[PDB]
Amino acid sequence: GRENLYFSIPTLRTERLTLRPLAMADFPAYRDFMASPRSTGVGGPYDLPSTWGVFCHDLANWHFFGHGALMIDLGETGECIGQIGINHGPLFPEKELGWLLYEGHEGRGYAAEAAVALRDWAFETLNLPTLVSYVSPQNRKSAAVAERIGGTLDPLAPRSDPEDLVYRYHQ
């Protein structure tokens, strides 16, 4: 006669990767990257306050928008090799897909694999009408990844830096 009347951030799996929520343990390697010349292709290097602000933006976007950054781990091993994310808020004119890999992990298709997974998740689960990536015109590596995952340059797209390129993705 009784009745039952009373009733988060994703972890995505790809072929080779686990894309999972940010944790404080991740900050040291992230800061190492962001302080270094390696980061020039994501607008770096950055000072510590700026690095902390981006890391917090990366996590907080989930709460605010239902999308955000995920750390990239290899398989079930827990080895963290970089980050993939979708960004919005006052610093991004449109919802924006970005990625980075730590030193030693390029050339194995990891960035594209992570980007495809989060891109598809956004289009499928969030039903986003579009998605972009902001890429500096000298950044060959990011331009190649963007184009591979189906991005096309959009010269009319808004952007915070007039010298940036904008890749746009669809469907």
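In case it trips you up, residue 1 is the first one in the sequence shown, and so on.
Coordinates are lacking for 4 to 9 deposited residues between residue 7 and residue 8.
Higher mean CA B-factor, judged across 38-46 and 128-136 from the recorded values: 38-46. For the two regions 159-167 and 14-22, the entry's Cα B-factors average higher over 159-167. When the C-alpha B-factors of 28, 107, 66, 53 are read from the PDB record, the largest value belongs to 107. Per-chain ranking of the deposited C-alpha B factor places residue 122 in the highest third.
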